[PDB]
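What follows is a set of notes on a single structure, which appears directly below.
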Ligand SMILES: *[B]([O])([O])[C]([C][C]([C])[C])[N]C(=O)[C]([C]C1=[C][C]=[C][C]=[C]1)[N]C(=O)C1=[C]N=[C][C]=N1
């Protein structure tokens, strides 16, 4: 699982892969780790597939019962204190890394990263999942803050594609959605139209010369591809 | 007297006779010749068959040590097979430990130390054998000769055997700088049919082997139809 959420001027861009894998076997290759809480507030979802699904639909029922009694819109800081309350009083029993990102008219675009420990940190961009450790040095070099909506979509799709190329846990589709003052626009690009893959990376075309022919010199001349020559 | 009974006995003038007596086992053996032909090395020997019923290919004195090198022996055949089976072990070590083919000057220096180590101890006797290392490693074409004393030396051409003095003068007429491996198989085999007499033995044939760029740097024997007939 590689999940991330990046803020721009208008709102936020949620990004995630699509694969639940029982250790080493792909149980599902079209998962949806972008969970709707309210219309403009979603959450990314990593870790245990059952422990985080039960939290996401328990928060989303407190959060819709709140919205009816208030009669107004729900702030993102409200939804991020319902995950922190539940991920802290269950922190020894669940495995839950949650990234809460959304839009509210008061504060604009907000990103909250709630790790497995149960803390809450408000950010500009957040990373999560087992594939997130590849993306710290990728965002230190290639990420500049203050992009547009069209640039954050193509960046976060290029960000996830570098993550599941090296990670074995992550893979599949790339599901992204933007949350701002307009309608929430979702987009799912496949594997075969992904912006990066190592199989078509032109520097991994040459095989590593392991299987040397039996020869008279120490001059390395590539692999042995035939029984005759 | 008792000054020539083992190997750990210097003479009154500093000589070791059991080494020098082993050198008479090579001088009474069949004729060997070799040549370095500026892209490879050709080695030819004469097999003295003692019976008409020996199979063609018996008693081949040329053995492949590595893919690029091979030792032909001159002297006693079973004593030289301990040299061949040792230099194969020296060439297997460089492929398995150092991941590199053994060089020509390094394989010969390992032969000359195995043959010398049996001339210093009382329980062992020296070899009745002169080993000719013909190699083509990343240091070019090499031609070495290890005598029973353990002395190695790089040569351009060599004659060993009984008529090694007449065949040495026949090598001085070749070139070794413009000489190729294409012509030298016909030349060196024609040395053996002129240096050797049929008035002692009736059955004698020649065995030639090379390693050069035409054989893809591989030590091979001849195709049977490249050798001159007589
Ligand atoms: B992602 O791989 O972390 C994913 C996130 C989930 C919330 C959709 N989790 C899973 O794939 C888990 C396994 C796992 C992998 C790595 C870290 C933690 C957990 N999958 C399951 O829990 C699972 C396994 N078999 C059947 C159903 N669900």
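Protein chains in written order, with PDB author numbering: chain h, 55 to 283; chain G, 6 to 235. Idealized CB from N, CA, C, for every residue including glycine.
(message) residue 274(h) and residue 261(h) - do their beta-carbons sit closer together than 8 Å?
(response) The count along the first chain starts at 1 and reaches residue 261(h) at position 207. The count along the first chain starts at 1 and reaches residue 274(h) at position 220. Not a contact, by the Cβ cut-off of 8 Å.
(message) I'd like to know if residue 272(h) contacts chain G, where contact means its C-beta is closer than 8 Å to some C-beta of that chain.
(response) Taking the first chain and counting its residues from 1, the one referred to as residue 272(h) is at position 218. Residue 272(h) counts as touching chain G.
(request) Look at the Cβ atom of residue 235(h), then the Cβ atom of residue 125(h), and state whether they are nearer than 8 Å. (result) What you label residue 235(h) is simply residue 181 of the first chain in a count that begins at 1. What you label residue 125(h) is simply residue 71 of the first chain in a count that begins at 1. No, they are not a contact pair.
(message) For residue 16(G) and residue 146(G), what's the separation of their Cα atoms in angstroms?
(response) Here residue 16(G) refers to the residue found at position 11 when the second chain is read from its first residue. Here residue 146(G) refers to the residue found at position 141 when the second chain is read from its first residue. If I take the Cα positions, the gap works out to 39 Å.
(request) Mind checking who residue 45(G) pairs with in its DSSP beta bridge? (result) The residue given as residue 45(G) occupies position 40 in the second chain. 217(G), per the DSSP bridge assignment.
(request) For residue 26(G), return the contacting residues in chain h, with the cut-off set at a CB-CB distance below 7 Å. (result) Position 21 of the second chain, counting from 1, holds the residue named residue 26(G). Neighbours of residue 26(G) on chain h: none; closest Cβ ~38 Å, over 7 Å.
(message) On a Cα-Cα basis, can you pick out the residue from 141(h), 121(h), 142(h) that is closest to residue 132(h)?
(response) The sequence position of residue 132(h) within the first chain is 78, counting from 1. If we check each option's Cα against that of residue 132(h), 121(h) comes out closest.
(message) Which same chain residues end up closer than 8 Å to residue 102(h) when comparing Cβ atoms and leaving out the 5 residues on each side of it in sequence?
(response) Here residue 102(h) corresponds to residue number 48 of the first chain, with the count starting at 1. Within the same chain, residue 102(h) has close Cβ partners 148, 149, 150.
(message) So, with DSSP's three-state summary, where would you put residue 227(h)?
(response) Looking up residue 227(h) in the first chain gives position 173. Correct three-state label for residue 227(h): coil.
(message) If I measure Cβ to Cβ from residue 210(G) and keep anything under 6 Å in the same chain, skipping five residues before and after, which residues do I get?
(response) Numbered from its first residue, the second chain carries residue 210(G) at position 205. The residues are 52.
(message) What residue range does the beta strand (DSSP E) around residue 199(G) cover?
(response) The count along the second chain starts at 1 and reaches residue 199(G) at position 194. Annotation for residue 199(G): no beta strand (DSSP E) segment contains it, though the alpha helix (DSSP H) segment containing it runs 186 to 200.
(request) Could you tell me whether the Cβ of residue 73(G) comes closer than 8 Å to any Cβ of chain h? (result) As a working note, residue 73(G) is residue 68 in the second chain. Interface residue, yes.
(message) With DSSP as the reference, identify every bridge partner of residue 105(G), one or two as the case may be.
(response) Here residue 105(G) refers to the residue found at position 100 of the second chain. Its beta-bridge partners do not exist; DSSP assigns none.
(message) At the 8 Å Cβ level, is residue 123(G) part of the contact set with chain h, yes or no?
(response) For the purposes of this step, residue 123(G) is taken as the residue at position 118 of the second chain. Judged by the 8 Å Cβ criterion, residue 123(G) is not in contact with chain h.
(message) Please report the straight-line C-alpha distance between residue 68(h) and residue 201(h), rounded to a whole angstrom.
(response) Working through the first chain from its first residue, we reach residue 68(h) at position 14. Working through the first chain from its first residue, we reach residue 201(h) at position 147. Distance between the alpha carbons of residue 68(h) and residue 201(h): 14 Å.
(message) I want to verify the contact list: residues of chain h whose CB lies under 9 Å from the CB of residue 1(G), in sequence order.
(response) Shown here, chain G extends from 6 to 235; a query on residue 1(G) therefore has no answer.
(message) Could you check if residue 81(h) belongs to the surroundings of ligand 1, using beta carbon to heavy atom distance under 7 Å?
(response) Along the first chain, read from residue 1 onward, the residue named residue 81(h) stands at position 27. Checking the Cβ of residue 81(h) against ligand 1 gives yes.
(message) Ignoring anything shorter than 4 residues, give me the alpha helix (DSSP H) runs that lie fully in the segment 138 to 206 of chain h, in order along the chain.
(response) 190 to 196
(request) Could you check if residue 225(h) is buried or exposed, using at least 16 other CB atoms within 10 Å of its CB as the buried criterion? (result) Reading the first chain from its first residue, position 171 is the one you call residue 225(h). Buried, since its Cβ has 16 or more Cβ neighbours within 10 Å.
(request) Give the range of the beta strand (DSSP E) segment to which residue 74(G) is assigned. (result) Here residue 74(G) is taken as the residue at index 69 of the second chain, counted from 1. According to the DSSP assignment, residue 74(G) belongs to the beta strand (DSSP E) that extends over 74 to 80.
(message) Short of 6 Å in beta carbon distance, which residues of its chain neighbour residue 177(h), apart from the five on each side in sequence? Order them along the chain.
(response) The sequence position of residue 177(h) within the first chain is 123, counting from 1. Taken in chain order, the residues that qualify are 165, 167.
(message) So, for residue 183(h): in the same chain, excluding its five sequence neighbours on each side, which residues have a beta-carbon less than 6 Å away from its beta-carbon?
(response) Against the first chain, residue 183(h) aligns to sequence position 129. Around residue 183(h): 55, 56, 57, 100.
(message) Closest to residue 272(h) by C-alpha separation, out of 139(G), 103(G), 180(G), would be which residue?
(response) Looking up residue 272(h) in the first chain gives position 218. Residue 103(G) is the option with its Cα nearest to residue 272(h).
(message) Mapping the DSSP letters down to three states, classify residue 94(G) as helix, strand or coil.
(response) Position 89 of the second chain, counted from the first residue, corresponds to residue 94(G). In this structure, residue 94(G) counts as helix in the three-state DSSP scheme.
(request) Please report how far the alpha carbon of residue 88(G) lies from the alpha carbon of residue 222(h), in whole angstroms. (result) Along the second chain, one-based indexing puts residue 88(G) at 83. Along the first chain, one-based indexing puts residue 222(h) at 168. Straight-line Cα distance between these residues: approximately 55 Å.
(request) Quick one: give me the first and last residue of the alpha helix (DSSP H) that residue 174(G) is part of. (result) As a first step, residue 174(G) is located in the second chain; it is residue number 169 there, counting from the start. Counting along the chain, the alpha helix (DSSP H) containing residue 174(G) begins and ends at 171 to 176.
(request) Identify the contact partners of residue 106(G) in chain h, using a Cβ-Cβ distance below 9 Å as the criterion. (result) Indexing the second chain from 1 puts residue 106(G) at position 101. The contacting residues are 269, 270, 271, 272.
(request) Using a threshold of 8 Å, state whether the C-beta atoms of residue 148(G) and residue 160(G) are closer than that. (result) Translated into the one-based positions of the second chain, residue 148(G) becomes position 143. Translated into the one-based positions of the second chain, residue 160(G) becomes position 155. Against a cut-off of 8 Å, the Cβ pair of residue 160(G) and residue 148(G) comes out as a contact.
(message) Are there any heavy atoms of ligand 1 lying less than 7 Å away from the beta-carbon of residue 103(h), as far as the coordinates show?
(response) Taking the first chain and counting its residues from 1, one reaches residue 103(h) at position 49. Yes, the beta carbon of residue 103(h) sits closer than 7 Å to at least one heavy atom of ligand 1.
(message) Let me check one thing: in DSSP terms, what residues is residue 79(h) bridge-paired to?
(response) Position 25 of the first chain holds residue 79(h). Residue 79(h) is bridged to 76(h).
(request) Grab the span of the alpha helix (DSSP H) containing residue 274(h) for me, first residue to last. (result) Position 220 of the first chain, counted from the start, is the residue given in the question as residue 274(h). No alpha helix (DSSP H) holds residue 274(h); DSSP gives it neither H nor E.
(message) Could you check whether the Cβ of residue 115(G) sits closer than 8 Å to any Cβ belonging to chain h?
(response) Start at 1 with the first residue of the second chain, and residue 115(G) comes out as number 110. So, not an interface residue.
(request) Name, please, each residue of chain h whose Cβ falls closer than 9 Å to the Cβ of residue 57(G). (result) The count along the second chain starts at 1 and reaches residue 57(G) at position 52. Within 9 Å Cβ-Cβ: nothing; residue 57(G) doesn't reach chain h, min ~39 Å.
(request) Answer with yes or no whether the minimum CB distance from residue 91(G) to chain h is below 8 Å. (result) Against the second chain, residue 91(G) aligns to sequence position 86. So no, residue 91(G) is outside the interface.
(message) I want to verify the contact list: residues of chain h whose CB lies under 9 Å from the CB of residue 66(G), in sequence order.
(response) The residue labelled residue 66(G) in the question sits at position 61 within the second chain. Near residue 66(G) there are no residues of chain h at all, since even the closest Cβ is about 23 Å away, more than 9 Å.
(message) Cβ closer than 8 Å: which chain h residues qualify as neighbours of residue 222(G)?
(response) Here the question's residue 222(G) lines up with position 217 in the second chain. Those within 8 Å of residue 222(G) in chain h are 269, 270, 271.
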